[PDB]
Amino acid sequence: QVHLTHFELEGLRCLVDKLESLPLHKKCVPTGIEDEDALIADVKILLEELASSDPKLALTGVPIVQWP
Amino acid sequence: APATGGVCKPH
Amino acid sequence: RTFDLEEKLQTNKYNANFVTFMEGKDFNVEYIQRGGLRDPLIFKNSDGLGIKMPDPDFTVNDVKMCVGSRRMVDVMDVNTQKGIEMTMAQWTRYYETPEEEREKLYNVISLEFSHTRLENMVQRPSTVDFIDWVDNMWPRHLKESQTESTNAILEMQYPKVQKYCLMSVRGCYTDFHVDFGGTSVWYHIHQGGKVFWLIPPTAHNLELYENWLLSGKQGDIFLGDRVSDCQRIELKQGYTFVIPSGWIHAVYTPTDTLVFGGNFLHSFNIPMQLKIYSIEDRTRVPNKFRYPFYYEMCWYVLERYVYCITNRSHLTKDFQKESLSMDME
Ligand SMILES: *CCCCCCC(=O)N(O)CCC(=O)O
Ligand SMILES: [Fe+3]
């Protein structure tokens with residue numbers, strides 16, 4: 001239903017792979033984060049479900065992430 | 001001396 | 001420095017065309033979504049960018065009074081490319097000294113002035129606010145809690161890398177580098193002028209760059225000779241320059257100059273951001289010269305994406321509550 005840019009999809013897969021593969025002493029999980037393993041798991045599911053993003057429809061002129 | 005971060009300089 | 005910087009400024013060989021001249025109105029989120037902020041941009045005027053600058057005759061002594069005579073400032077010794085420290089009042093005295101009376105060439109490129117009186121006198125391009133990870137991803141109650149106006153790491157509640165004042169005397173030179181964390185940079189020539197040599201972040205050029213850093217022979221080798229392609233370009237007074245993640249660049253100051261600029265990470269060139277970070281790690285850059293709280297920020301980025309798309313939060317209850325309270329303001 002949501003459409004990410006391929007820039008973002010590629011980026012987020014790099015990011016997840018990166019953070020997941022760091023050892024504990026370099027992971028730097030911040031104090032606001034609850035369960036970093038469940039967050040990772042969720043990003044992986046999300047990227048599979050968003051893999052068919054339509055590049056046209058993603059060009060909304062508004063970022064996905066904004067404060068309400 | 002206190003440690004700093006976000007200092008712009010080459011190398 | 002055993003290469004002649006004067007011939008690097010005179011030769012016509014750095015003749016690549018990498019920069020796009022743009023009108024401010026076309027620099028929007030749609031443009032970023034479609035292009036990924038991959039191309040260096042110059043805005044010859046500020047129409048449509050949404051910037052604000054101080055008064056056009058603003059002096060270094062004015063900067064000093066806004067941040068404090070006693071603020072410690074990192075200064076670069078141009079001859080060595082090493083850092084020293086002095087007070088802003090001492091920097092001001094050096095800067096107001098006539099050219100012939102200055103013993104050495106020093107440059108200030110790292111004065112971050114958020115949470116000082118100068119902060120509200122400078123506003124960056126609007127589009128940057130929409131995509132900066134600091135503004136859009138970092139827990140807002142942390143950012144708002146910052147009181148320290150220096151870059152003291154124990155006082156820092158967020159990555160304080162958003163607004164820098166650069167003060168450069170004629171003849172200053174900053175050797176080739178990539179901005180910290182793979183940040184993109186906006187850079188506004190308030191007064192004076194700068195000459196940049198720009199080198200694209202191809203896999204080959206980034207290997208050369210790392211190898212050049214690991215060799216320790218940066219005084220001996222002008223990097224812009226060692227690469228495939230390099231654009232030398234002049235920025236004049238009133239121009240605003242945007243430098244994408246990973247671009248290798250060196251800068252010369254032909255006249256006394258004052259610049260306002262700043263750094264941002266964004267969601268459209270993450271792979272390059274990570275790549276730069278890993279060059280810093282391998283070449284052992286001290287944390288002082290790096291993006292603060294880099295991986296922490298990356299965790300928060302993942303959380304925001306998940307939350308905004310699925311409505312499932314991976315923040316602690318207490319951070320959820322802090323965020324909810326702010327949504328209600
Ligand atoms: C990190 C501070 C914002 C960007 C300006 C410093 C810098 O990295 N430069 O490339 C400019 C160097 C200069 O003007 O001498
Ligand atoms: Fe730079």
# chains A, B, ... in the order shown; residues from 1 in each chain; ligands from 1
>>> closest_atom_pairs(of="chain C", to="ligand 1", cutoff="6 Å", atoms="only C-alpha atoms and all ligand atoms", output="Markdown table")
| residue | atom | partner | partner_atom_place_in_ligand_line | distance |
| --- | --- | --- | --- | --- |
| C:109 | CA | ligand 1 | 6 (C) | 5.0 |
| C:110 | CA | ligand 1 | 2 (C) | 5.3 |
| C:164 | CA | ligand 1 | 2 (C) | 5.7 |
| C:173 | CA | ligand 1 | 15 (O) | 5.7 |
| C:174 | CA | ligand 1 | 15 (O) | 4.7 |
| C:179 | CA | ligand 1 | 8 (O) | 5.4 |
| C:185 | CA | ligand 1 | 4 (C) | 6.0 |
| C:251 | CA | ligand 1 | 15 (O) | 5.1 |
| C:261 | CA | ligand 1 | 3 (C) | 5.4 |
| C:262 | CA | ligand 1 | 3 (C) | 4.6 |
| C:263 | CA | ligand 1 | 3 (C) | 5.8 |
>>> write_last_selection(atoms="N, CA, C and O atoms", output="PDB file, in the first residue's frame")
ATOM      1  N   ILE C 109      37.329  26.015  10.757  1.00  0.00           N
ATOM      2  CA  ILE C 109      36.341  25.304   9.963  1.00  0.00           C
ATOM      3  C   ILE C 109      35.330  24.482  10.796  1.00  0.00           C
ATOM      4  O   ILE C 109      34.490  23.802  10.224  1.00  0.00           O
ATOM      5  N   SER C 110      35.335  24.638  12.107  1.00  0.00           N
ATOM      6  CA  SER C 110      34.647  23.723  12.931  1.00  0.00           C
ATOM      7  C   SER C 110      33.912  24.352  14.126  1.00  0.00           C
ATOM      8  O   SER C 110      33.692  23.709  15.168  1.00  0.00           O
ATOM      9  N   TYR C 164      27.588  25.407  11.352  1.00  0.00           N
ATOM     10  CA  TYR C 164      28.965  25.723  11.567  1.00  0.00           C
ATOM     11  C   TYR C 164      29.264  27.064  10.910  1.00  0.00           C
ATOM     12  O   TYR C 164      28.633  27.456   9.937  1.00  0.00           O
ATOM     13  N   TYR C 173      44.132  26.729   3.015  1.00  0.00           N
ATOM     14  CA  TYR C 173      43.891  25.554   2.211  1.00  0.00           C
ATOM     15  C   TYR C 173      43.547  24.396   3.148  1.00  0.00           C
ATOM     16  O   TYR C 173      44.235  24.190   4.153  1.00  0.00           O
ATOM     17  N   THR C 174      42.471  23.678   2.824  1.00  0.00           N
ATOM     18  CA  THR C 174      42.066  22.423   3.512  1.00  0.00           C
ATOM     19  C   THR C 174      42.303  21.267   2.481  1.00  0.00           C
ATOM     20  O   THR C 174      41.744  21.264   1.380  1.00  0.00           O
ATOM     21  N   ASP C 179      33.699  14.537   4.169  1.00  0.00           N
ATOM     22  CA  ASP C 179      33.069  15.070   5.387  1.00  0.00           C
ATOM     23  C   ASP C 179      32.645  13.904   6.263  1.00  0.00           C
ATOM     24  O   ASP C 179      32.403  12.794   5.756  1.00  0.00           O
ATOM     25  N   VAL C 185      26.641  18.152   2.784  1.00  0.00           N
ATOM     26  CA  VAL C 185      27.008  19.431   3.351  1.00  0.00           C
ATOM     27  C   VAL C 185      26.305  20.496   2.515  1.00  0.00           C
ATOM     28  O   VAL C 185      26.218  20.363   1.307  1.00  0.00           O
ATOM     29  N   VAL C 251      39.850  22.580  -0.598  1.00  0.00           N
ATOM     30  CA  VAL C 251      39.363  23.905  -0.622  1.00  0.00           C
ATOM     31  C   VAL C 251      40.482  24.932  -0.389  1.00  0.00           C
ATOM     32  O   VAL C 251      41.241  24.850   0.564  1.00  0.00           O
ATOM     33  N   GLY C 261      27.512  26.951   7.106  1.00  0.00           N
ATOM     34  CA  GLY C 261      27.223  25.690   6.472  1.00  0.00           C
ATOM     35  C   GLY C 261      26.897  24.656   7.535  1.00  0.00           C
ATOM     36  O   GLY C 261      26.822  24.965   8.723  1.00  0.00           O
ATOM     37  N   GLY C 262      26.696  23.425   7.111  1.00  0.00           N
ATOM     38  CA  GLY C 262      26.330  22.371   8.041  1.00  0.00           C
ATOM     39  C   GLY C 262      26.183  21.024   7.353  1.00  0.00           C
ATOM     40  O   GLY C 262      26.201  20.903   6.115  1.00  0.00           O
ATOM     41  N   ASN C 263      26.033  20.016   8.201  1.00  0.00           N
ATOM     42  CA  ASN C 263      26.170  18.623   7.805  1.00  0.00           C
ATOM     43  C   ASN C 263      24.848  17.993   8.036  1.00  0.00           C
ATOM     44  O   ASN C 263      24.117  18.447   8.882  1.00  0.00           O
TER      45      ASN C 263
END
>>> interface_residues(of="chain B", to="chain C", cutoff="6 Å", atoms="only C-alpha atoms", output="list in words")
residues 3, 4, 5, 6, 7, 8 and 10 of chain B
>>> residues_around(residues="residue 50 (chain C)", least_positions_apart="4", cutoff="9 Å", atoms="only C-alpha atoms", output="list in words")
residues 24, 46, 123, 124, 125, 126 and 127 of chain C
>>> residues_around(residues="residue 37 (chain A)", least_positions_apart="5", cutoff="12 Å", atoms="only C-alpha atoms", output="PDB file with N, CA and C atoms, in the first residue's frame")
ATOM      1  N   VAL A  16      20.090  -2.394   7.760  1.00  0.00           N
ATOM      2  CA  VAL A  16      19.697  -3.522   8.577  1.00  0.00           C
ATOM      3  C   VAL A  16      20.823  -4.560   8.634  1.00  0.00           C
ATOM      4  N   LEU A  19      23.695  -3.110  10.904  1.00  0.00           N
ATOM      5  CA  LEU A  19      23.513  -3.071  12.324  1.00  0.00           C
ATOM      6  C   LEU A  19      23.377  -4.440  12.909  1.00  0.00           C
ATOM      7  N   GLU A  20      22.749  -5.330  12.164  1.00  0.00           N
ATOM      8  CA  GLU A  20      22.617  -6.681  12.631  1.00  0.00           C
ATOM      9  C   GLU A  20      23.943  -7.432  12.792  1.00  0.00           C
ATOM     10  N   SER A  21      24.917  -7.137  11.948  1.00  0.00           N
ATOM     11  CA  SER A  21      26.211  -7.797  11.888  1.00  0.00           C
ATOM     12  C   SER A  21      27.328  -7.229  12.770  1.00  0.00           C
ATOM     13  N   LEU A  24      28.331  -6.932  19.787  1.00  0.00           N
ATOM     14  CA  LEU A  24      27.659  -6.186  20.907  1.00  0.00           C
ATOM     15  C   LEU A  24      28.389  -4.930  21.319  1.00  0.00           C
ATOM     16  N   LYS A  27      27.740  -2.300  18.456  1.00  0.00           N
ATOM     17  CA  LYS A  27      26.357  -2.115  17.968  1.00  0.00           C
ATOM     18  C   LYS A  27      25.750  -0.749  18.331  1.00  0.00           C
ATOM     19  N   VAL A  29      23.468   0.184  20.532  1.00  0.00           N
ATOM     20  CA  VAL A  29      22.015   0.252  20.587  1.00  0.00           C
ATOM     21  C   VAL A  29      21.687   1.411  21.521  1.00  0.00           C
ATOM     22  N   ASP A  42      11.477  -7.052  12.251  1.00  0.00           N
ATOM     23  CA  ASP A  42      10.415  -6.253  11.612  1.00  0.00           C
ATOM     24  C   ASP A  42      10.809  -5.467  10.347  1.00  0.00           C
ATOM     25  N   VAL A  43      12.006  -4.897  10.369  1.00  0.00           N
ATOM     26  CA  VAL A  43      12.509  -4.199   9.208  1.00  0.00           C
ATOM     27  C   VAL A  43      12.636  -5.222   8.058  1.00  0.00           C
ATOM     28  N   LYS A  44      13.189  -6.412   8.321  1.00  0.00           N
ATOM     29  CA  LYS A  44      13.298  -7.475   7.273  1.00  0.00           C
ATOM     30  C   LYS A  44      11.950  -7.831   6.641  1.00  0.00           C
TER      31      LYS A  44
ATOM     32  N   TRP C 299      20.091   3.226  14.381  1.00  0.00           N
ATOM     33  CA  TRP C 299      19.027   2.452  15.051  1.00  0.00           C
ATOM     34  C   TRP C 299      17.700   3.256  15.078  1.00  0.00           C
ATOM     35  N   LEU C 302      15.878   3.181  11.765  1.00  0.00           N
ATOM     36  CA  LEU C 302      15.108   1.965  11.520  1.00  0.00           C
ATOM     37  C   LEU C 302      13.808   1.969  12.247  1.00  0.00           C
ATOM     38  N   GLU C 303      13.831   2.442  13.474  1.00  0.00           N
ATOM     39  CA  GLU C 303      12.625   2.473  14.292  1.00  0.00           C
ATOM     40  C   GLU C 303      11.580   3.389  13.697  1.00  0.00           C
ATOM     41  N   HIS C 314       9.296   0.397  18.323  1.00  0.00           N
ATOM     42  CA  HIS C 314      10.343  -0.334  19.063  1.00  0.00           C
ATOM     43  C   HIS C 314      11.103   0.555  20.048  1.00  0.00           C
TER      44      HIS C 314
END
>>> select_by_dssp(residues="region 201-316 of chain C", states="strand (DSSP E or B)", output="JSON, numbers by chain")
{"C": [231, 232, 233, 234, 235, 240, 241, 242, 243, 248, 249, 250, 251, 252, 257, 258, 259, 260, 261, 262, 263, 264, 315]}
>>> interface_residues(of="chain A", to="chain C", cutoff="8 Å", atoms="only C-alpha atoms", output="PyMOL selection string")
chain A and resi 2+5+7-8+10-12+14-16+19+27-30+32-36+38-39+42-43+46+58-68
>>> write_last_selection(atoms="N, CA and C atoms", output="CSV table (one decimal), in the first residue's frame")
chain,number,residue,atom,x,y,z
A,2,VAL,N,1.9,1.3,0.9
A,2,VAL,CA,3.0,2.4,0.8
A,2,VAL,C,4.1,2.1,-0.3
A,5,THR,N,11.0,4.8,-2.3
A,5,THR,CA,11.9,4.9,-3.4
A,5,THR,C,12.9,3.7,-3.3
A,7,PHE,N,16.0,4.1,-3.8
A,7,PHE,CA,17.1,4.7,-3.0
A,7,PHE,C,16.9,4.3,-1.5
A,8,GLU,N,15.7,4.4,-1.0
A,8,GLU,CA,15.4,4.1,0.4
A,8,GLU,C,15.4,2.6,0.7
A,10,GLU,N,17.0,0.2,-1.0
A,10,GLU,CA,18.4,-0.2,-1.0
A,10,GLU,C,19.1,0.2,0.3
A,11,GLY,N,18.9,1.4,0.7
A,11,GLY,CA,19.6,2.0,1.9
A,11,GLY,C,19.2,1.3,3.2
A,12,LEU,N,17.9,1.0,3.3
A,12,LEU,CA,17.4,0.3,4.5
A,12,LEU,C,17.9,-1.1,4.6
A,14,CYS,N,20.8,-2.1,3.3
A,14,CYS,CA,22.2,-2.0,3.8
A,14,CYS,C,22.3,-1.7,5.3
A,15,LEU,N,21.4,-0.8,5.8
A,15,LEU,CA,21.4,-0.4,7.1
A,15,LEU,C,21.1,-1.6,8.1
A,16,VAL,N,20.1,-2.4,7.8
A,16,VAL,CA,19.7,-3.5,8.6
A,16,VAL,C,20.8,-4.6,8.6
A,19,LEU,N,23.7,-3.1,10.9
A,19,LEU,CA,23.5,-3.1,12.3
A,19,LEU,C,23.4,-4.4,12.9
A,27,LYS,N,27.7,-2.3,18.5
A,27,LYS,CA,26.4,-2.1,18.0
A,27,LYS,C,25.8,-0.7,18.3
A,28,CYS,N,26.1,-0.2,19.5
A,28,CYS,CA,25.7,1.1,20.0
A,28,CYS,C,24.2,1.2,20.0
A,29,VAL,N,23.5,0.2,20.5
A,29,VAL,CA,22.0,0.3,20.6
A,29,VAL,C,21.7,1.4,21.5
A,30,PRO,N,20.9,2.4,21.1
A,30,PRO,CA,20.7,3.5,22.0
A,30,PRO,C,19.7,3.2,23.1
A,32,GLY,N,16.9,4.7,23.9
A,32,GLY,CA,15.5,4.6,23.6
A,32,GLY,C,14.9,3.4,23.0
A,33,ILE,N,15.8,2.4,22.6
A,33,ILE,CA,15.3,1.3,21.8
A,33,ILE,C,15.1,0.1,22.8
A,34,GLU,N,13.9,-0.5,22.6
A,34,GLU,CA,13.5,-1.6,23.5
A,34,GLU,C,14.2,-2.9,23.1
A,35,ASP,N,13.6,-3.6,22.1
A,35,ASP,CA,14.2,-4.9,21.7
A,35,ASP,C,14.7,-4.8,20.2
A,36,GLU,N,16.0,-4.6,20.1
A,36,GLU,CA,16.7,-4.3,18.8
A,36,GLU,C,16.6,-5.6,17.9
A,38,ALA,N,13.9,-7.7,17.7
A,38,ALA,CA,12.6,-7.6,17.2
A,38,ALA,C,12.4,-6.5,16.1
A,39,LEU,N,13.1,-5.3,16.4
A,39,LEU,CA,13.1,-4.2,15.4
A,39,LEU,C,13.8,-4.7,14.1
A,42,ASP,N,11.5,-7.1,12.3
A,42,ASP,CA,10.4,-6.3,11.6
A,42,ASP,C,10.8,-5.5,10.3
A,43,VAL,N,12.0,-4.9,10.4
A,43,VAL,CA,12.5,-4.2,9.2
A,43,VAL,C,12.6,-5.2,8.1
A,46,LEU,N,9.3,-5.9,6.7
A,46,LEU,CA,8.8,-4.8,6.0
A,46,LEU,C,9.4,-4.6,4.6
A,58,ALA,N,6.1,6.3,-5.5
A,58,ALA,CA,6.9,6.8,-4.4
A,58,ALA,C,7.3,8.3,-4.6
A,59,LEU,N,7.2,8.9,-5.8
A,59,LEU,CA,7.6,10.3,-5.9
A,59,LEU,C,6.6,11.3,-5.5
A,60,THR,N,6.2,11.2,-4.2
A,60,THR,CA,5.2,12.0,-3.6
A,60,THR,C,5.5,13.4,-3.3
A,61,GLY,N,6.8,13.7,-3.2
A,61,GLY,CA,7.2,15.0,-2.7
A,61,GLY,C,7.1,15.2,-1.2
A,62,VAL,N,6.8,14.2,-0.4
A,62,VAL,CA,6.7,14.3,1.0
A,62,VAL,C,7.4,13.1,1.6
A,63,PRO,N,8.3,13.3,2.6
A,63,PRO,CA,9.0,12.1,3.2
A,63,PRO,C,8.1,11.2,3.9
A,64,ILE,N,8.4,9.9,3.8
A,64,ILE,CA,7.7,8.9,4.6
A,64,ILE,C,7.7,9.2,6.1
A,65,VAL,N,8.9,9.6,6.6
A,65,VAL,CA,9.1,9.8,8.0
A,65,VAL,C,9.0,11.3,8.3
A,66,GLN,N,8.0,11.7,9.0
A,66,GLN,CA,7.7,13.0,9.5
A,66,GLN,C,7.1,13.0,10.9
A,67,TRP,N,7.3,14.0,11.7
A,67,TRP,CA,6.6,14.1,12.9
A,67,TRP,C,5.2,14.6,12.7
A,68,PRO,N,4.1,14.0,13.3
A,68,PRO,CA,2.7,14.5,13.3
A,68,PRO,C,2.5,15.6,14.3
>>> atom_distance(atom1="CA of residue 107 (chain C)", atom2="CA of residue 168 (chain C)")
5.0 Å
>>> atom_distance(atom1="CA of residue 200 (chain C)", atom2="CA of residue 230 (chain C)")
7.5 Å
>>> select_by_dssp(residues="region 178-244 of chain C", states="helix (DSSP H, G or I)", output="ChimeraX atom specification")
/C:180-182,203-215,223-226
>>> write_last_selection(atoms="N, CA, C and O atoms", output="CSV table (one decimal), in the first residue's frame")
chain,number,residue,atom,x,y,z
C,180,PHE,N,32.6,14.2,7.6
C,180,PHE,CA,32.5,13.0,8.5
C,180,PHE,C,31.1,12.2,8.4
C,180,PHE,O,30.1,12.8,8.1
C,181,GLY,N,31.3,10.9,8.5
C,181,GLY,CA,30.1,10.0,8.4
C,181,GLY,C,29.5,9.8,7.1
C,181,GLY,O,28.4,9.3,7.0
C,182,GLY,N,30.1,10.3,6.1
C,182,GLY,CA,29.5,10.4,4.8
C,182,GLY,C,28.4,11.5,4.7
C,182,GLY,O,27.5,11.4,3.9
C,203,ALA,N,34.1,3.9,-6.7
C,203,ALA,CA,34.8,2.8,-5.9
C,203,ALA,C,36.3,2.9,-6.1
C,203,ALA,O,37.1,2.8,-5.1
C,204,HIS,N,36.8,3.3,-7.3
C,204,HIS,CA,38.2,3.5,-7.6
C,204,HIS,C,38.8,4.7,-6.9
C,204,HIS,O,39.8,4.6,-6.2
C,205,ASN,N,38.1,5.8,-6.9
C,205,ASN,CA,38.5,7.0,-6.2
C,205,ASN,C,38.5,6.9,-4.7
C,205,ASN,O,39.4,7.4,-4.0
C,206,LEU,N,37.5,6.2,-4.2
C,206,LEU,CA,37.5,6.0,-2.8
C,206,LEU,C,38.6,5.0,-2.3
C,206,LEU,O,39.0,5.2,-1.2
C,207,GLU,N,39.0,4.1,-3.1
C,207,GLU,CA,40.1,3.2,-2.8
C,207,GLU,C,41.4,4.1,-2.8
C,207,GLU,O,42.3,3.9,-2.0
C,208,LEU,N,41.5,5.0,-3.8
C,208,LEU,CA,42.7,5.8,-3.9
C,208,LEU,C,42.8,6.7,-2.6
C,208,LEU,O,43.9,6.7,-2.0
C,209,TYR,N,41.7,7.3,-2.3
C,209,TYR,CA,41.6,8.1,-1.1
C,209,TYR,C,42.0,7.4,0.2
C,209,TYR,O,42.7,7.9,1.0
C,210,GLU,N,41.4,6.2,0.4
C,210,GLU,CA,41.8,5.4,1.6
C,210,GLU,C,43.4,5.1,1.5
C,210,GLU,O,44.1,5.3,2.5
C,211,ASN,N,43.9,4.7,0.4
C,211,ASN,CA,45.3,4.4,0.2
C,211,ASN,C,46.1,5.6,0.5
C,211,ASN,O,47.2,5.5,1.1
C,212,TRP,N,45.7,6.8,0.0
C,212,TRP,CA,46.4,8.0,0.2
C,212,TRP,C,46.4,8.3,1.7
C,212,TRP,O,47.5,8.7,2.2
C,213,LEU,N,45.3,8.2,2.4
C,213,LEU,CA,45.3,8.4,3.9
C,213,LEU,C,46.2,7.4,4.6
C,213,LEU,O,46.9,7.7,5.5
C,214,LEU,N,46.1,6.1,4.2
C,214,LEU,CA,47.0,5.1,4.9
C,214,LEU,C,48.5,5.3,4.6
C,214,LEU,O,49.3,4.8,5.4
C,215,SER,N,48.8,5.9,3.5
C,215,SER,CA,50.2,6.2,3.1
C,215,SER,C,50.9,7.2,4.0
C,215,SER,O,52.1,7.3,4.2
C,223,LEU,N,46.0,14.9,-4.5
C,223,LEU,CA,45.2,13.7,-4.9
C,223,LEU,C,44.4,13.9,-6.2
C,223,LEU,O,44.2,13.0,-6.9
C,224,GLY,N,44.1,15.2,-6.5
C,224,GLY,CA,43.3,15.5,-7.7
C,224,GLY,C,44.1,15.2,-9.0
C,224,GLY,O,43.5,15.1,-10.1
C,225,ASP,N,45.4,15.1,-8.9
C,225,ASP,CA,46.3,14.5,-10.0
C,225,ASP,C,46.1,12.9,-10.1
C,225,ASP,O,46.2,12.4,-11.2
C,226,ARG,N,46.0,12.2,-9.0
C,226,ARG,CA,45.9,10.8,-8.9
C,226,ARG,C,44.6,10.1,-9.4
C,226,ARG,O,44.5,8.9,-9.5
